[PDB]
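Quick note: the coordinates plus some simple rules give every number you see, no bench work behind them. With ideal geometry, Cβ positions are generated from the backbone for all residues, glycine too; neighbour counts draw on all protein chains shown.
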Amino acid sequence: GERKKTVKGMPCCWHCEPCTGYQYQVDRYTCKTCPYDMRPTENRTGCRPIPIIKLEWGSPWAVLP
Ligand SMILES: CC(C)CCC[C@@H](C)[C@H]1CC[C@H]2[C@@H]3CC=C4C[C@@H](O)CC[C@]4(C)[C@H]3CC[C@]12C
């Protein structure tokens, strides 16, 4: 769940830094950027649907109506 370990001139030892928040560790060397249709979960690998909210009957801004 943490990509972009960039290899130096020698292809043996790498430095690992976090990718972007909206990006993924889908592959070892690819940040996937899962689309806006669904939000990253706790682990940065694998997409997860966004929770949905609606007009709640107990909404504080729906008392006077
Ligand atoms: C007492 C209730 C059930 C009926 C009468 C409600 C009337 C008086 C209206 C007039 C203005 C209204 C408030 C206007 C704005 C807010 C801020 C919001 O973040 C929570 C609800 C709250 C606090 C409303 C509550 C209901 C309210 C006080």
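One line per residue, one yes/no per condition, for (1) touching a residue at least 12 places away in the same chain (Cβ under 8 Å); (2) within 17 Å of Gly1 (Cα to Cα); (3) within 16 Å of the ligand (Cβ to nearest atom):
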site	(1), (2), (3)
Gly21	yes, yes, no
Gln25	yes, yes, no
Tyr29	yes, yes, no
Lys32	no, yes, no
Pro51	no, no, no
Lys54	no, no, no
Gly58	no, no, yes
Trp61	no, no, yes
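Would segment 6-16 turn up any residue that is in contact (Cβ under 8 Å) with a residue 12 or more places away in the chain and of a type in the set (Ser, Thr, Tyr)?
Applying the first criterion (in contact (Cβ under 8 Å) with a residue 12 or more places away in the chain) to segment 6-16 yields 16.
Okay, now just the ones that are also of a type in the set (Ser, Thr, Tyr), so none.
Looking for residues that are in contact (Cβ under 8 Å) with a residue 12 or more places away in the chain and of a type in the set (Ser, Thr, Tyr), one finds none in segment 6-16, hence no.
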- Message: Between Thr45, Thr6, which is over 9 Å from the mean Cα position of the chain (by Cα) and of a type in the set (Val, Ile, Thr)?
- Response: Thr6
